[PDB]
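Working notes, structure below.
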Amino acid sequence: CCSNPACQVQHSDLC
């Protein structure tokens, strides 16, 4: 989903 620490943990297409 993104190259973030949280994104990797939880699939969240925020970017």
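Chain labels run A, B, ... following the order of the structure tokens; each chain numbers its residues from 1, and ligands are numbered from 1 in the order shown.
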Please list as a ChimeraX atom specification every residue within 10 Å of residue 12 in chain A, counting only C-alpha atoms and excluding residues in the same chain fewer than 5 positions away.
/A:1-2,6-7
